[PDB]
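Form deposited in one PDB entry, single chain, as structure tokens, below.
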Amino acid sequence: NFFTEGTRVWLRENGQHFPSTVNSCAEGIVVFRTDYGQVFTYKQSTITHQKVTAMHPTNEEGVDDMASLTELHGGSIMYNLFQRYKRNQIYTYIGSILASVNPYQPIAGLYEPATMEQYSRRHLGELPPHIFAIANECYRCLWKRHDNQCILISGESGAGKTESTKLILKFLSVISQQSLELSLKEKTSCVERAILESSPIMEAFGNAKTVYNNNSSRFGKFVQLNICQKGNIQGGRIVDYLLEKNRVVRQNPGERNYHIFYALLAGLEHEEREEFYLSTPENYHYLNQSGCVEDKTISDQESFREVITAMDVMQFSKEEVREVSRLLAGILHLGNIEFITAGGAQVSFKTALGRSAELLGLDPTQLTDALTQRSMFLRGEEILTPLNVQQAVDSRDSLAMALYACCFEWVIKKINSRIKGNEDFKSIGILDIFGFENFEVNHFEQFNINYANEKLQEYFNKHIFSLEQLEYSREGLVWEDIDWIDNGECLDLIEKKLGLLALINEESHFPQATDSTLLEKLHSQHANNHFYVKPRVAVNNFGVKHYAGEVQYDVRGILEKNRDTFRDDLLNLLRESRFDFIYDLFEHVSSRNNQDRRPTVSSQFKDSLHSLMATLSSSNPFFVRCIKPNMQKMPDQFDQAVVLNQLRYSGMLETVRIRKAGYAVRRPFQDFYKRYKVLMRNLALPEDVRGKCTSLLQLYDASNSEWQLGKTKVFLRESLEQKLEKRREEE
């Protein structure tokens, strides 16, 4: 096991194989330097085989498809991504699955229109791996397959899911324009322009700075593009999931509120700024509590200009844009209302109340009364009761959240109205969720986000491993099952009867229950569950062993957040608005007054995720796995421990194994024969269809290792299908 200076070796250390070089070998000491800059020293006598092994020559600053790898260990997989990342190749295939490592910098030529053009005219595998090749293959599947397609993008907060989604949309929008024979109706619709302009609007209203991402998505998005038989986008539909409405009124230290507030304050002209009584973001409680009002990566004034342009494309009138500006200004002033205790909560600093009442079209005495008192009618006289200061603050904040959430819903409705079109043929759906996040302090918001990420990982495992191997078994293929990391029991802990969501919902329906009584119930029921953590010291927390790591959640605020109560006194007040825009938002809204069962945030979200997964189940999926190379948002900094952790927990190692050994493409015998009949013209074919399929497959892969015949289908590897598709097009 002796290797001379400069020899390339795999060094087994710290539970992995390190790509390394022999630095020195003298006086019975051997020093290895890893490609990651770690230096490991040993007594030469202690080095044996398997501990140190020679590395396979070159093979050669990486491989494009990791199913091509001979060494399948985590060290080999990560080294391939590292070699490629160092030369700005952030994309690697695993069959048709795409790995994307966030470069945290622009890369010359990578997303230029000349590159988009090049990918549109090639087959998957002909060019270097790229998100444009996946978008193109997905698009080609609308004529190669019989179903709708979907692209699902996974990753922690900051991994690159939102950037990936926008790149796919830009590529499809460009390709939609290449389509023939483009009618004047379809050329003048500007529907692709509107679809692309939906992103700056939704990011301004739904994204915010967090520790993991200066542009974190605080809602989930599913974008459906309806494509005609001729290949042109006819229109689309956007579905939003669980906006983080509590961000409007409170943020963690160092975070910001939604981008749009800072854009509005930096972007409005002096006249409109004075009309809405607006000053700097520091002047507003809803924007100043976190201690951060700016970020060097964001020009808030430039974002405002971008939002204005996008809203014009989206057919928001100039008056509608002003109404949205006025509502946001009203919310900012509302947040500055302070209360003192005399009775009874009383408004202290009356200026903010007067400004907010004017901007919201409310009478100031009516707004003061609604925030400081509760009303009830008893056959048939009104009985006014004082609220305390915490109840007045909760009322002020619920008003701010309701205004923002209804305004966001209206914005999404307007986008959907603009991009609405025919659905005559097929669709491509793209899922952009909020990513996995584990902060210093996690609340109900992180619980819901991490649950959605857990659900998406279960969806990835179901398609890549579970349904895939079940199909091989049902078809009678020669196959040895590949084990995978199954997160099913974590979802069972969250979703089953007596599970986390069930207990949270049950406690929410009890008026006397508190976050403290909820925690006692969570601990009592689940202390022995392997996926649940009862903290030894942190008295306000519970933990969940998520697929992406253990997360501790502070229970404080869970019941109030889950109930999501809105006082009928405030709903009645909003309906008094003289500002038609505000009245229109609350005109037909259902009552959510405290009860003395109504859907909760958890019950509606569980239903929305189950409905989403059902939509995705009917489509053919493409998977993109975004990987963060480091936790410092740095370019050219591949932190191997951070990368390896994501590769391992996400099941990338087993994914390479199943894509390498398995057969991801399948067609019934007659379907295969009818599709590729042109490629069989020089073959002496037998009478039976199974024999006809075998003759073509043996011609294109004589090793007989890239395909198998099942009971009803031909099964083949993606590399063989790409080889057959390229030749079919040529003929």
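Superpose the two forms; the largest set of C-alphas matching within 1.5 Å is the rigid core. Throughout, we count residues from 1 along the sequence that is shown.
Just so it is clear, the following notes concern the form deposited in another entry, a form of the same protein that is not shown.
- Item | Residue among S173, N288, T517, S189 with C-alpha shift of 2 Å or more between the shown form and the other one, core superposed | Correct option: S189.
- Query: Core aligned, does the CA of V678 move at least 2 Å between the shown form and the other one?
  - Reply: No, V678 moves less than 2 Å.
- With both forms fit on the core, has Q105 moved 2 Å or more by CA between the shown form and the other one? The answer is no, as the C-alpha of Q105 shifts between the shown form and the other one by less than 2 Å after core alignment.
- Does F32 show a Cα shift reaching 2 Å between the shown form and the other one after rigid-core superposition? Yes.
- Inter-Cα distance between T297 and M634 in that other deposited form, nearer or further [3 Å or more]: Relative to this form, farther apart in that other deposited form.
- Over in the other structure, so in that other deposited form, do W143 and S183 pull closer or drift farther apart at the C-alpha level? The difference is 3 angstroms or more. Result: farther.
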